[PDB]
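**Q**
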Amino acid sequence: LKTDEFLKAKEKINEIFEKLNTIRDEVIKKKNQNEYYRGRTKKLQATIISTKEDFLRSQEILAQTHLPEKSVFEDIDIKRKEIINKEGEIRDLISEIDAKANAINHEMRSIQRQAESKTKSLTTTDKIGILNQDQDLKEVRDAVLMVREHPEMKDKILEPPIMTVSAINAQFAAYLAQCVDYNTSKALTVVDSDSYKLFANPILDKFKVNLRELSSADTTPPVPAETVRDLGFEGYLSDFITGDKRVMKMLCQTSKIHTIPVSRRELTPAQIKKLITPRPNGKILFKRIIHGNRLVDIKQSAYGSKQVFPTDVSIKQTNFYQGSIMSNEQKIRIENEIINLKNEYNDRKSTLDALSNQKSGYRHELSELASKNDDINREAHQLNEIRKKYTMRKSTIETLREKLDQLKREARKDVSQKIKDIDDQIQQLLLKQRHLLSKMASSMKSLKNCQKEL
Amino acid sequence: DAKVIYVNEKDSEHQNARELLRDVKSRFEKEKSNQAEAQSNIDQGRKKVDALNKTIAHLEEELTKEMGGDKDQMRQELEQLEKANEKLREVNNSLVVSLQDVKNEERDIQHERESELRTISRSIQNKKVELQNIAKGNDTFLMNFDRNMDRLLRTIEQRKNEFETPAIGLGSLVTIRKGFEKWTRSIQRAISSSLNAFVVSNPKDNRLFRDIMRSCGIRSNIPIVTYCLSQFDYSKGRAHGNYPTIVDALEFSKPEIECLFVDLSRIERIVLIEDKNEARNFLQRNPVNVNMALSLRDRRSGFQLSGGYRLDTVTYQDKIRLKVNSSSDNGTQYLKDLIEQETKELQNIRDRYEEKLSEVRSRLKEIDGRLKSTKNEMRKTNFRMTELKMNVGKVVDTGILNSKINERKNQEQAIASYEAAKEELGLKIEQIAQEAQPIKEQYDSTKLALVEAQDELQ
Amino acid sequence: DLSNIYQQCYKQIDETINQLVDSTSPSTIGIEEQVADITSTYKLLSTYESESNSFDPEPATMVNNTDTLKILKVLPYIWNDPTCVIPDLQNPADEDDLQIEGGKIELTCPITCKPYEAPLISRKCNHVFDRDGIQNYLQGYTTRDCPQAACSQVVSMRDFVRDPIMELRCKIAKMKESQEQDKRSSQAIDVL
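Residue numbers (the entry's author numbering), protein chains in the order written: chain A, 326 to 779; chain B, 366 to 534, 536 to 824; chain C, 29 to 84, 132 to 267.
#1: From the DSSP output, which residues share a beta bridge with residue 676(B)?
#2: For residue 560(B), does the three-state DSSP call read helix, strand or coil?
#3: Are the CB atoms of residue 631(B) and residue 557(B) within a distance shorter than 9 Å?
#4: For residue 419(A), does the three-state DSSP call read helix, strand or coil?
#5: Can you tell me whether residue 433(B) is buried or exposed? The criterion is at least 16 other CB atoms within 10 Å of its CB, across all chains shown.
#6: Does residue 780(A) come within less than 9 Å of chain C when only Cβ atoms are used?
#7: Can you give me, in chain order, the residues of the region 330 to 355 of chain A that have a beta carbon less than 9 Å from any beta carbon in chain C?
#8: Consider the Cβ of residue 43(C): report whether some Cβ of chain A lies at a distance smaller than 9 Å.
#9: Work out the CA separation of residue 445(A) and residue 434(A) for me, nearest whole Å.
#10: Whole angstroms is fine: what's the gap from residue 601(B)'s alpha carbon to residue 524(B)'s?
#11: Could you tell me the distance, in whole angstroms, from the CA atom of residue 403(A) to the CA atom of residue 706(A)?
#12: Could you pull the start and end residues of the beta strand (DSSP E) that residue 664(B) belongs to?
#13: Straight-line CA distance for residue 552(A) to residue 609(A)?
#14: Using a beta-carbon distance below 9 Å, is residue 52(C) in contact with chain A?
#15: CB residue 469(A) to CB residue 482(A), shorter than 9 Å?
#16: Report back the beta-carbon spacing between residue 534(B) and residue 561(B) to the nearest angstrom; my notes put them in contact at under 8 Å.
#17: Flag this pair as yes or no: are the beta carbons of residue 763(A) and residue 338(A) separated by less than 9 Å?
#18: Sort out for me which residues DSSP pairs residue 566(A) with in a bridge.
#19: Distance cutoff 9 Å, beta carbons only. Does residue 366(A) sit that close to anything in chain C?
#20: Looking at the secondary structure, which residues open and close the beta strand (DSSP E) in which residue 196(C) lies?
#21: Report the option in 191(C), 79(C), 148(C) and 176(C) whose CA atom is closest to the CA atom of residue 170(C).
#22: I'd like the list of long-range same chain contacts for residue 768(A), defined as Cβ closer than 8 Å, with 5 residues on each side in sequence excluded.
#23: Kindly give me the distance between the Cβ atoms of residue 551(B) and residue 665(B), rounded to whole angstroms, as I take these residues to be in contact under 8 Å.
#24: Taking residue 66(C) as the query, report the chain A residues whose CB atoms sit under 9 Å from its CB, ordered along the chain.
#25: Cβ of residue 387(B) less than 9 Å from any chain A Cβ?
#26: Just by C-beta distance, which residues in the region 707 to 722 of chain A are closer than 8 Å to chain B?
#27: According to DSSP, residue 343(A) sits in a beta bridge with which residue or residues?
#28: Indicate whether residue 186(C) and residue 156(C) have their beta-carbon atoms separated by less than 9 Å.
#29: Based on Cα-Cα distance, which residue from 383(B), 406(B) and 707(B) lies nearest to residue 786(B)?
#30: What are the start and end residues of the alpha helix (DSSP H) that includes residue 721(A)?
#31: Residue 620(A) and residue 585(A) - do their beta-carbons sit closer together than 9 Å?
#32: Taking any Cβ of chain B, which residues in the region 374 to 404 of chain A have a Cβ under 7 Å from it, in chain order?
#33: Would you list the one or two residues that DSSP bridges to residue 501(B)?
#34: Count the CB pairs spanning the region 493 to 504 of chain B and the region 694 to 706 of chain B that are closer than 8 Å, and state whether there are at least three.
#35: What residues from chain B crowd round residue 357(A), counting only those whose CB sits closer than 9 Å?
#36: Take residue 559(A) as the anchor and find which of 753(A), 579(A) and 591(A) has the nearest alpha-carbon.
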């Protein structure tokens, strides 16, 4: 009840001792941080003086007057439209050059015709073109262009004689019409009495044709006719035209082909009142004789005075003289030479085309050269791509201005706020320690108790 | 012994331990607060990273909005499409060089124009032959080429009495008898020699010609016939038929010309039949003296009904002197049915065959529409290459203001250094933890223990 | 027993009192009452030394026995001129110490011609000099006389007393040249 608790003095002194303790260490603990923050402030000062230098160190190159170029992009545009213009001009030039190259290729193809026709009678060659002697021979051309398709017509009714009984050349090709009569000449060469009618279907309704026959029955094979031709004739039908058993078997009794000599030395028939000489049967021994092309016929009559009746109408011929070679002394060129001079007529326009395509190539080369000049100019102005890079260097230093301003602003906020933060944290601690001391200032009240109240 | 103040000095024990008490906890707190500051710096830097990511995204937005970032994807296919345009214009070159031979094609086919005009020209010119003018210059009724025929009869006949032949000129004599008109033009192919003859029958009267010919102003030197005008029999060669033969077809202007024909042409056996497309058996049965029959289709061609055993196409001269004894009522107009069919035929050919001309014209229309489409394709390819040209012209040009990416990179290395500092202070926290505890335990053990018997006076 | 256990009151109150000035930043101003009241609480509680020693009748014996006697009125007016010496030396009876005069003062013992470090004083001399300034160089002579040739002082160091008064002055003057200059430097950075 009464004083039996003398330890109350110590009980009270304990806590106030711990309070005289405690806060004293927190004093310096909190004091510490402001020094490191001041060190950071010194770092800020160093950085911002560095930025002070950086202002001018940048501005020396951060002109902004060396701006992205005023009109270089317009130059880019105009030269690009220029190269598209060059491309269009090149397109037109190459199209026209191709057209003119084809134009000259036209002579390159047609020049074969003037070489093929460079012969007498406007054409003689071993190709199909020989039939173009007449436009109306379109029928024979079509006939020959399809005769070879059949399995055996090509070998049973052969192509026109000029291809199978070909004459030596023009000087005998004209004679071919009389060697094999003109009607059969532009017909097909029937081979036998079976080809007579068996093969009319392919061509008869389309192109003109004719047939020939022969017979040998009773007792007398062919009688001599070879050497009765002693009238100064040595050339003969079946050799100057390439005869063969493939062709001329049937002609022995249809066209009377046994009377067509060939003559180099022309002699007049007027020296003849002798060939009346009959064959032993009383009929004429001589049937027909020729010199040059003066063919003469012999015929028979069985009534009246029995007088003879020759005739001189003969086939066309080019010359009659007794000399040698080229047949023409007065002048050389004839109507025959117009389709040959077609060569010079082609050559005129051809030289014009050649020089036209050559100057077109000149223009093509000049256009390509201009385009490449514009391309090297484009390269010389893309070299300006580095001059854009000053604007990159200008921008990056410009961005460094932003970064240094941001650093100044953020650090200014950082240091200033922390200064007051630590100062106020110290200030509140200054109040806490003093209020704690004031609290202690009442503790000694216990001293007056105990020792004497006991 | 005396229990006295000897122990008082032990109070200094607590102060020695306190000296390190202050230091250990002060260091621990200072370095852990430094770690806290470092972590706050990490947070500050990290909160900028997403903002800077969005800032570089905004740079990409600027590129897209100014058309700077469009060509980066495109360029690698732009080159390929430029090569595609190159090969397409090569194909166009192949097509145009496939569109000039079509011009050679049109030239070659319209060579049919020359083919048809050459044939038509002569045929149309023959349309002139009805009247024009008569007599001295009648190039299709009483003349053909030379303006001297009348003088020939008064020239070569001047000394007829020296001829070994009775004569009056001799082309003016031959004429056709009754029958059918279109038979006129077949006989000349055989008797052309007698339509310009002046007959003599000895070598010298025949040789005087070539000399005296030019004396009177004519140069023609066509060959000559040998004969002597007289009349004789022709009995056992005629055919078994009533319809006229060539002897009947030809009129006896002079009966001696009958024997002339019989001798130099053997015409007495020949007959005439209007068309080839007609009976065959009458000629085929082959009794004795069966002979050929003639026929004509037009002025340019004919056919031979040669007994049926022979059928041949025959040719006749375009220009012919032979004429018929028909009256002069209206001449050709009495006959125009059989002339128009020979001239209007070619008009029908060109009218009907112009469909082939129309066919090639339609082919030309198709190929020139192809040409126009290829021209539009050239234009389209030019536009397609120009769009690529526009795309590659910009690429980036001057559209770069991205130094904030360099700012981002320096901030990235800055945050890397910040994390390095965070790890260094992570080492520091471990250092203080392993330094504080060994001394803190000693402090607490001593402080609690070293209070000891403090003031045990009694 | 119930005696002598309360002796530690002063022994720890000295620590309670001294540290306050050692921490309170001089940047904050206002000193007189805010030190006088709390320090007078010491005399209030110290009277109870005498009137708690039973009586072995009111508290006889003068209160001037405090070792912290001079701790009274230490901080005021000691900021710019910590060594507040007066042009007169022999007026200790009054308790104001600043009568009617002021002037200039010196700053050092013969340490290195540089300011005070650690004082010492004695009753016979009644004058203060530093600790190591009378033994470090002086030793070599068992006893050496007044600091200057035939000068005023009289010295016998073998029993000179330790002087804990002046060192309280030291740090305030030094730190003043830092903190206000630190404040000025903070202003200097503010304009950059």
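The C-beta atom is built at its ideal place from N, Cα and C for all residues, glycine as well.
**A** A quick look at the data gives this:
#1: Here residue 676(B) refers to the residue found at position 310 of the second sequence. In the DSSP output, where bridge partners are listed per residue, residue 676(B) has 672(B) and 673(B).
#2: The sequence position of residue 560(B) within the second sequence is 194, counting from 1. The answer is helix: DSSP assigns residue 560(B) an H, G or I state.
#3: On the second sequence, residue 557(B) is found 191 positions in, with the first residue counted as 1. On the second sequence, residue 631(B) is found 265 positions in, with the first residue counted as 1. Taking 9 Å as the Cβ cut-off, residue 557(B) and residue 631(B) qualify as a contacting pair.
#4: Numbered from its first residue, the first sequence carries residue 419(A) at position 94. Helix.
#5: As a position in the second sequence, residue 433(B) is number 68, starting the count at 1. Result: buried.
#6: Given a span of 326 to 779 for chain A in the structure shown, any question on residue 780(A) remains unanswerable.
#7: So the close ones are 331, 334, 335, 338, 342, 345, 349, 352 and 353.
#8: Here residue 43(C) refers to the residue found at position 15 of the third sequence. Chain A, which has a Cβ nearer than 9 Å to the Cβ of residue 43(C), makes this yes.
#9: Working through the first sequence from its first residue, we reach residue 434(A) at position 109. Working through the first sequence from its first residue, we reach residue 445(A) at position 120. Rounded to whole angstroms, residue 434(A) to residue 445(A) spans 22 Å at the Cα level.
#10: Here residue 601(B) refers to the residue found at position 235 when the second sequence is read from its first residue. Here residue 524(B) refers to the residue found at position 159 when the second sequence is read from its first residue. Answer to the nearest angstrom: the Cα atoms are 36 Å apart.
#11: Numbered from 1 along the first sequence, position 78 holds the residue referred to as residue 403(A). Numbered from 1 along the first sequence, position 381 holds the residue referred to as residue 706(A). Each residue's Cα considered, the two are about 13 Å apart.
#12: On the second sequence, position 298 is the one that residue 664(B) refers to. Counted as a single uninterrupted DSSP element, the beta strand (DSSP E) harbouring residue 664(B) occupies residues 659 to 664.
#13: As a first step, residue 552(A) must be located in the first sequence, where it is residue number 227. As a first step, residue 609(A) must be located in the first sequence, where it is residue number 284. Straight-line Cα distance between these residues: approximately 16 Å.
#14: The residue given as residue 52(C) occupies position 24 in the third sequence. Cβ-Cβ to chain A under 9 Å: yes for residue 52(C).
#15: Reading the first sequence from its first residue, position 144 is the one you call residue 469(A). Reading the first sequence from its first residue, position 157 is the one you call residue 482(A). Not closer than 9 Å, so no.
#16: Within the second sequence, residue 534(B) is the residue found at index 169, counting from 1. Within the second sequence, residue 561(B) is the residue found at index 195, counting from 1. About 11 Å; that fails the 8 Å criterion.
#17: Stepping through the first sequence from its first residue, residue 763(A) is reached at position 438. Stepping through the first sequence from its first residue, residue 338(A) is reached at position 13. Taking 9 Å as the Cβ cut-off, residue 763(A) and residue 338(A) do not qualify as a contacting pair.
#18: For the purposes of this step, residue 566(A) is identified with residue 241 of the first sequence, where counting begins at 1. DSSP, once it has assigned bridges, lists 492(A) as partnering residue 566(A).
#19: For this step, residue 366(A) is matched to residue 41 along the first sequence. Interface with chain C (9 Å Cβ-Cβ cutoff): residue 366(A) is included.
#20: Here residue 196(C) refers to the residue found at position 121 when the third sequence is read from its first residue. Where residue 196(C) is concerned, the enclosing beta strand (DSSP E) stretches over 194 to 196.
#21: Within the third sequence, numbered from 1, the residue matching residue 170(C) stands at position 95. Selected option, being the one with the closest Cα: 148(C).
#22: Residue mapping note: residue 768(A) aligns to position 443 of the first sequence, counting from 1. Here the set comprises 337, 338 and 341.
#23: Counting from one through the second sequence, the residue named residue 551(B) turns up at place 185. Counting from one through the second sequence, the residue named residue 665(B) turns up at place 299. The Cβ separation is near 6 Å, so the contact holds.
#24: Within the third sequence, the letter at position 38 stands for residue 66(C). In chain order, 759, 762, 763 and 766 make up the part of chain A whose C-beta sits under 9 Å from the C-beta of residue 66(C).
#25: For the purposes of this step, residue 387(B) is taken as the residue at position 22 of the second sequence. Answer yes: the Cβ-Cβ gap between residue 387(B) and chain A drops below 9 Å somewhere.
#26: 713, 716, 717, 720 and 721
#27: Residue 343(A) sits at position 18 when you count from the first residue of the first sequence. None; residue 343(A) has no bridge partner.
#28: Locating residue 186(C) in the third sequence gives position 111, where the first residue counts as 1. Locating residue 156(C) in the third sequence gives position 81, where the first residue counts as 1. No; because the gap between Cβ atoms is not below 9 Å, this pair is not in contact.
#29: Position 420 of the second sequence, counted from the start, is the residue given in the question as residue 786(B). Checking every option, the nearest Cα to that of residue 786(B) belongs to 406(B).
#30: Working through the first sequence from its first residue, we reach residue 721(A) at position 396. Counting along the chain, the unbroken alpha helix (DSSP H) around residue 721(A) starts and ends at 710 to 765.
#31: Here residue 585(A) refers to the residue found at position 260 when the first sequence is read from its first residue. Here residue 620(A) refers to the residue found at position 295 when the first sequence is read from its first residue. Cβ distance < 9 Å, so residue 585(A) and residue 620(A) count as in contact.
#32: 393, 398 and 401
#33: The residue labelled residue 501(B) in the question sits at position 136 within the second sequence. Note: residue 501(B) sits in no beta bridge, so no partner.
#34: yes
#35: As a first step, residue 357(A) must be located in the first sequence, where it is residue number 32. The contacting residues are 391, 394, 395 and 398.
#36: Locating residue 559(A) in the first sequence gives position 234, counting from the first residue. When only C-alpha atoms are compared, the closest one is 591(A).
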